[PDB]
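Worksheet: the structure to be examined is printed underneath.
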Amino acid sequence: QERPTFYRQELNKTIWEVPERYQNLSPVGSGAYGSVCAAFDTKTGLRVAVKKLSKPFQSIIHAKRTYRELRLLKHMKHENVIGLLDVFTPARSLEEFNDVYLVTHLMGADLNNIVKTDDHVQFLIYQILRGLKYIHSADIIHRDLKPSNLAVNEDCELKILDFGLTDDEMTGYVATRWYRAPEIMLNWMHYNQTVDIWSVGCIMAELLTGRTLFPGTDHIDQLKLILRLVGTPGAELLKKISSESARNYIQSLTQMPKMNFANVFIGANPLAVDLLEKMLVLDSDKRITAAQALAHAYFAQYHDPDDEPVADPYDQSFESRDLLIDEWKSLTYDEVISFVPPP
Ligand SMILES: Cn1c(=O)c(Oc2ccc(F)cc2F)cc2cnc(NC3CCOCC3)nc21
């Protein structure tokens, strides 16, 4: 990190100050907690996405999430997971440290601007599960997996964005909620990493049919659509719903049996139907895991147990830690300073 020369440019109505190596900066749009620009990295020859974080140390919540995102991106080193090519600040010291810029691969499209074959579905879902196995192996949950954070290149090579990171944007007929596990949508319980597997199920179904699986007009309508497909919960699951209020509402609903998935997904590969049945289980305890799903017959042509790596241990003790703004800021600066680019 032998200090490069920085230059200034106005882009997303703020001034961006970036090393000379990054040229031809052009806005892509909004990212998680900041705006994103496309650029050409003259050092590596890669087309890159550069995210400038907005007000990264404005509050404790902002400072902690800035540290969180940096920690997450620095840890992730997997073909199917967004990772960090570079991180920089124009600041020369902790004292003047105010801005954080994050750099990753520029991707061609997301899964939204791709669909509306079974072999393509196989490859796409395989890579999502491969990436999820890695993320989950580090005790990280995505929590908000959806087509818009699944980015793909021209060769259909896929990377997962925005892992591990309001009510109004969750309201109504919105894609922001359509892929959410019911237990997290309705805050039933302390949830596990198979919330992400529910999301994969929804995504896979949509790739297969060209249609949203559970296009609910609101939380309640969406629950009804879900329960019509998978059945109303039994006593066993009801017990696990620790929210007495949520549990009480569920029991008010007329009981419905699980539907026949072969009659729902007409003409689909029987192995795809089988996998969907194992992913779209209401009881999260009983959902197929990413590692288990990779071994399912549906992915026979792609599955390789020696080419599906797990992550190094990820220390997130910081998550249960209470610190001041300047403390989170200092930790973040340390991580910026210690960054080593990938080979
Ligand atoms: C929307 N978006 C991000 O939010 C994003 O976040 C970052 C994460 C970590 C970093 F170090 C830096 C980041 F910029 C990266 C990103 C890459 N490629 C693309 N391609 C678009 C995908 C949708 O179709 C148009 C091209 N979009 C992206």
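Each ligand, and each atom within it, is numbered from 1 in the order the structure gives. Nothing fancy with the numbering, it's 1 onward along the sequence.
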Please assess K258 against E277 for the test salt bridge (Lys or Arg N to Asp or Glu O under 4.0 Å), listing each intermediate value before the final yes or no.
CA-CA 10 Å; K258 181 190 164 297; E277 290 190 318; 3.0 Å; yes
Name of the residue among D118, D274, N269 meeting side-chain hydrogen bond (donor to acceptor under 3.5 Å, both in side chains) with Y298
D118
Over 60° means perpendicular and under 30° means parallel, so tell me whether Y22 and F88 are parallel, tilted or perpendicular.
parallel
Is the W328 ring parallel, tilted or perpendicular to the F318 ring (thresholds 30°, 60°)?
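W328 vs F318 ring planes: perpendicular.
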Counting from 1, what ligand 1 atoms have a heavy atom of [X] closer than 4.0 Å?
| X | answer |
| --- | --- |
| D110 | 23 (C), 24 (O) |
| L73 | 9 (C) |
| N113 | 24 (O) |
| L84 | 11 (F) |
| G31 | 4 (O) |
| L161 | 2 (N), 3 (C), 16 (C), 28 (C) |

Would you say CD of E319 has more than 12 non-hydrogen atoms from neighbouring residues, nucleotides or ligands within 6.0 angstrom?
yes
Please state whether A109 comes within less than 4.0 angstrom of ligand 1, counting heavy atoms only.
yes
Would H105 count as a contact of ligand 1 if the rule is a heavy atom under 4.0 Å away?
yes
Hey, could you give me the CD1/CG distance between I125 and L207, rounded to the nearest 0.5 Å?
4.5 Å
What's the spacing between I325 CD1 and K64 NZ if we round to 0.5 Å?
13.0 Å
Can an N or O of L106 be found at a distance shorter than 3.5 Å from an N or O of ligand 1?
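No, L106 has no N/O under 3.5 Å of an N/O on ligand 1.
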Looking only at heavy atoms, is any part of [X] under 4.0 Å from ligand 1, and if so is it the side chain, the backbone, or both, or is it neither?
| X | answer |
| --- | --- |
| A151 | neither |
| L85 | neither |
| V36 | side chain |

Which option, [options], owns the non-hydrogen atom nearest [atom]?
| atom | options | answer |
| --- | --- | --- |
| atom 12 (C) of ligand 1 | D162, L102, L111 | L102 |
| atom 26 (C) of ligand 1 | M107, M76, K159, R47 | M107 |
| atom 25 (C) of ligand 1 | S148, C37, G108 | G108 |
| atom 1 (C) of ligand 1 | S30, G34, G29 | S30 |

Atom 7 (C) of ligand 1 sits nearest the protein heavy atom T104 CG2, 4.0 Å
Tell me: protein heavy atom nearest atom 16 (C) of ligand 1, and distance?
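Here the nearest protein heavy atom works out to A49 CB, 3.8 Å.
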What are the two closest non-hydrogen atoms of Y126 and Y302, and how far apart are they?
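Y126 and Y302 have their closest heavy atoms at OH-O, 3.4 Å.
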Salt bridge or not between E335 and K74? Use side-chain N to carboxylate O under 4.0 Å.
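Result for this pair is yes, salt bridge flagged.
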Give a yes or no on whether the backbone of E327 and the side-chain of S330 come within a donor-acceptor separation of less than 3.5 Å.
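Pair absent, no side-chain N/O of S330 close to backbone of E327.
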Evaluate salt bridge (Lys or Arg N to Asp or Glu O under 4.0 Å) for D144 paired with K146, printing each intermediate quantity in order.
CA-CA 6 Å; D144 194 33; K146 51 192 181 167; 3.7 Å; yes
